Amino acid sequence: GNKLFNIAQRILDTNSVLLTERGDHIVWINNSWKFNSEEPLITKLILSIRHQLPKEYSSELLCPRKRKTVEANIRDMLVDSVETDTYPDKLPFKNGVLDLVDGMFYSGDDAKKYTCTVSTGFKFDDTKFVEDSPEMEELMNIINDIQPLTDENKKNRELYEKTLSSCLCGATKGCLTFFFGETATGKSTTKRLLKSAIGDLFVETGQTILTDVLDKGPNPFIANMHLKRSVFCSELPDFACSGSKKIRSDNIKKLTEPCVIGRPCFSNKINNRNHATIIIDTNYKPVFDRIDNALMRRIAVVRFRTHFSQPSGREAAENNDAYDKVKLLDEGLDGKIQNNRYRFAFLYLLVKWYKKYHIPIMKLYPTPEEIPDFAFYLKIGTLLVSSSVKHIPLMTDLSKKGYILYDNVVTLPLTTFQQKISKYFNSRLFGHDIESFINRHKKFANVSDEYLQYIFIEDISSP
Amino acid sequence: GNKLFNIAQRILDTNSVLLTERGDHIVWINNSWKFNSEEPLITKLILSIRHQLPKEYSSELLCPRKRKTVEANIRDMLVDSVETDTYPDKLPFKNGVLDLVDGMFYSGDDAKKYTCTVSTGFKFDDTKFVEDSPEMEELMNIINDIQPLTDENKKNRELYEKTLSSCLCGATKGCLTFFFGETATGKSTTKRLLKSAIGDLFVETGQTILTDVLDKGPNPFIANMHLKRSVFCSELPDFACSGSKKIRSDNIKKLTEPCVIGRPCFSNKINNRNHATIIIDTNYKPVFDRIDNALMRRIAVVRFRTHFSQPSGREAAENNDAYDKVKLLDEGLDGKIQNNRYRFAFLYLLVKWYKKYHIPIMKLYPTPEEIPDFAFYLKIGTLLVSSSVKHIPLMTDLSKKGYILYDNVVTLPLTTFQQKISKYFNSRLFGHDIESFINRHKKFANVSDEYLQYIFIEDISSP
Amino acid sequence: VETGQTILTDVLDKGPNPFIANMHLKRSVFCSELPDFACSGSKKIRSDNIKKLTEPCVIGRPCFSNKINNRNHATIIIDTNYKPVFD
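Chains as they are written, first to last, in the deposited numbering: chain C, 323 to 785; chain B, 323 to 785; chain F, 525 to 611.
Set out below in structure tokens:
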């Protein structure tokens, strides 16, 4: 009764082929979910699985034409779609999937349930994922050297651990972390450790992600970060000297959005999943073209203050304020880092940090107080309140302060607002900032006179 | 028993077809791994290999349809992907692969294991790969002429040997060596020697690679090369005279990165991979538009100070300090070099130098100390030092020196800073860098009162 | 072959340039009626095209083609009535 249809039915019953919402077919060969957009692997799966069928169903699969017929039957049988990479608390390896919430490993059919189409690229060794080891002791030593456990560094160390451990979660992240510090401070060492720990889920780019537009035409900048769990940008083009493109606000706001638009070469797909924890490496204060209240909620900063120097230049390092601790540089450290000596020790440390911060809901919080650019806009929300629905039986006293009543709305003339705001802040230090706000927020009662729909919280306190 | 499946199994057992990460197949026909994207060569391989199979399979493999069926079976059988060009310490020739570490030459099935697609383009003659020959003596004399073995030139000679010997590898070497020497100093002799030694793995490029943006649109000069092992640029226009584009630091940074942004004409495949040992030939000091910390980590210099001039213009050449020593020029040397007379002698010399520097990890050390343009960022870093946390309990003695104590920070005025900094480095040569330092490393309590948190090392050393 | 002055007073790379790819294996190129520079409003003779036409390989593509490298066997003769000028 159509032997090839029965073969297709059995292969479908093994649940080794799935149809995805994007239109592709994902197959389960060699204990991984593989797919190819312009070259289906269904016939490869049929040939490989021919060993699990009865004796008479195996000799029919040695002909390419019969395998093509079986593939046609299978394609007609698949009507409903499934979703791939929908578990954010699973870390996929080459030979299994590791459970972050608990810590046990899976293999074969155990890992088959989670449809993970990406992997770190290296096998998971169970004999090295242990708490006690000399490699773990050395890793703890170097990590403690990078970020001392002193009291003043408690919050910075905790933020460092949180940011590093968030690279194991396969979901969308709501913040961008800036790694601020001088050269040869440990950012490169941490980057290499993270790369060694998370394999192929880690990608490295340049500064073009931030300062360049994302739409263009066929853009591989954003299409490359499909399902990547960590994105690293290094060697930022210092903006102290004029001529360097500023960090676009639209780029920062778009890199946090769950659904991003961009296509690679020879592709019609502009939809990719954003699972990346974007970390930007820099040595100097970043600047932005335009600062607003929304962009201030997507920035976090980690500070590095431990410099490794040669014995000849040890005195110069000790005579610098930027470095709080001076240690001895090791030349072969890069050697054993790239030799994957500390890979599983760092993986165990990352999983421990995750379990420490694996509360039912995970989230990333911004710290705008560490950015000098945000200093102006941070106080301005604490001093000015827009003309609103909480003021109208107060214009009797507010009139003497300079506020005038217009269409039952409290306003403020330009001169009075200027002379009120010049008292709080220097007219020369924040002159550009004040001028920018004034040009961005004047209204025109007429052609000449201008007013502002803002009132001072201090005058509210004053009777 | 499906004879064609058995034929495909045997052909797969001979290990002659491999699947690559790009979705292409590489076959082994006539002692070379060759691929072809738009027309696979698996059927050519089947017809060629029909001789090693038994008679009953050779008789079958004479039909194009049966060859197509066997190719389909082979394509279904290949699931795993393979690595290509992953051995830095191997030098591929037209008829084998040379092992640099050991010195043993392979041929055919011996060279099969190292999946090398590119080659030098010429065969290997083990008869001429000997240490004892008159050609070797002449080459050694010429080398001693070009780079003498004097004590004063020991470091320069060692750096020259390292840079020349690095041309045979594909490992990590992120430095750009500058061949500093005036015209007719003998650098062209070394260039022609290297070209004749390494064949097709050598590429000559112009000025555009250092002063024009690599990304742009279609660009072959940065993307036409692929797995090239040495890049040489000469006839460089002078950057000392205004009117020519300077050596942009962004291009130097881009020429060594694990990411490529740039494509050739009508080539969507923008993916290339190598860090070729780029040697820069110039008769004048380099000039960069922007200089920072990153640039000084990827620059090296080699000096040539030997001249060959005709007797007619000998007086003018001797009256020019462009060369330390004036010698006699050779006319037939260019023809002898073209005739590939010293090819294998120079190959043996390069192999000997590599074996001398064949430590498990070979890397290039930048030497920015010999570039006058980078002098400002070196000496000031070793001389001007800021305050420190350890400088708190020494302000009592520091006050009489002419300093003040403010929030545990030692400050100095601006005019005095300019006057003192005009002595070490003149503002004529590094005024922009001086002003960048001033605006980067100064703090303000008020705009009128400008203070800079730096203590001169002269006052520190003097009690 | 006979060609216009686009090979002299226009960039060879540009986009589609049949004038630089139709000369594949041609042994002689003749361009006549030069727009002399005595009349202001005419593009000068670029040196880049001059040095590109002398190299063994000249970069350029034909219309609806995927080939860039073409052999240069041409003896280029430029016909003019007044003095050429160079930028």
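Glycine included, C-beta positions come from ideal geometry on N, C-alpha and C.
Going by DSSP, residue 567/C is part of no alpha helix (DSSP H) at all; its letter is neither H nor E.
Taking 9 Å as the threshold, the shortest C-beta distance from residue 588/B to chain F falls below it. Taking the Cβ atoms as the reference, residue 515/B lies roughly 24 Å from residue 606/B, outside the contact range of under 8 Å. Residue 707/C places its beta carbon 9 Å or farther from that of residue 752/C.
Rounded to whole angstroms, the gap between the alpha carbons of residue 501/C and residue 564/F is 58 Å. The beta-carbon distance between residue 491/C and residue 411/C, rounded to whole angstroms, is 7 Å. This is short enough to meet the 8 Å contact definition. Distance from the CA atom of residue 497/C to the CA atom of residue 762/B, rounded to whole angstroms, is 28 Å.
Secondary structure note for residue 673/C: its alpha helix (DSSP H) is the uninterrupted segment 665-678. Assignment of residue 700/C by DSSP, reduced to helix, strand and coil, places it in the helix class. Nearest CB-CB separation between residue 399/B and chain C: below the 9 Å threshold. With respect to chain F, the C-beta atom of residue 559/B has no partner C-beta closer than 9 Å. Residue contact with chain C for residue 327/B: present (Cβ-Cβ distance below 9 Å to some residue of chain C). Residue 683/B places its beta carbon less than 9 Å from that of residue 657/C. Here residue 599/F is exposed. Its C-beta has fewer than 16 other C-beta atoms within 10 Å. Taking 8 Å as the upper bound on Cβ-Cβ separation, chain B lies near residues 583, 585, 590 and 592 of the segment 576-607 of chain F. By the CB criterion at 9 Å, residue 677/B and residue 467/B fall outside the cutoff. Taking a cut-off of 8 Å on C-beta distances, the segment 513-529 of chain B does not touch the segment 714-729 of chain B, as fewer than three cross pairs fall below it.
Here the C-alpha atom of residue 738/B lies approximately 22 Å from the C-alpha atom of residue 697/B. For residue 562/C, the nearest beta carbon of chain B is closer than 9 Å to its own beta carbon. Only buried fits residue 596/F, as 16 or more other CB atoms lie within 10 angstroms of its CB. Against chain B, a Cβ distance below 8 Å from residue 748/C picks out 768 and 769. Counted as a single uninterrupted DSSP element, the stretch harbouring residue 405/C is not any beta strand (DSSP E), since DSSP gives it neither H nor E. Cβ neighbours of residue 370/B within its own chain (closer than 7 Å, five residues either side excluded): 351. Collapsing the DSSP output to three states places residue 647/B in a strand. Comparing alpha carbon positions, the residue from 529/C, 442/C, 420/C and 633/C closest to residue 554/C is 529/C. Exposure of residue 462/C is indicated by the presence of fewer than 16 other C-beta atoms within 10 angstroms of its C-beta. A direct Cα-to-Cα measurement between residue 399/C and residue 335/C gives close to 11 Å. 584/F is the residue among 611/F, 577/F, 584/F and 604/F whose C-alpha sits nearest the C-alpha of residue 541/B. Put simply, the segment 432-441 of chain B touches the segment 339-356 of chain B. At least three CB pairs are less than 8 Å apart.
Using beta-carbon distances, residue 646/C counts as an interface residue toward chain B, with a partner under 9 Å. Residue nearest to residue 695/C within the set 631/C, 611/C, 773/C and 757/C is 611/C (criterion: CA-CA distance). Beta bridge pairing from DSSP links residue 629/B with 648/B. Around the beta-carbon of residue 464/B, 16 or more other beta-carbon atoms lie within 10 Å, marking it buried. DSSP, read as helix, strand or coil, puts residue 687/B in coil. In the DSSP assignment, residue 757/C falls within the unbroken alpha helix (DSSP H) covering 753-762. Per DSSP, the beta-bridge partners of residue 347/C are 341/C.
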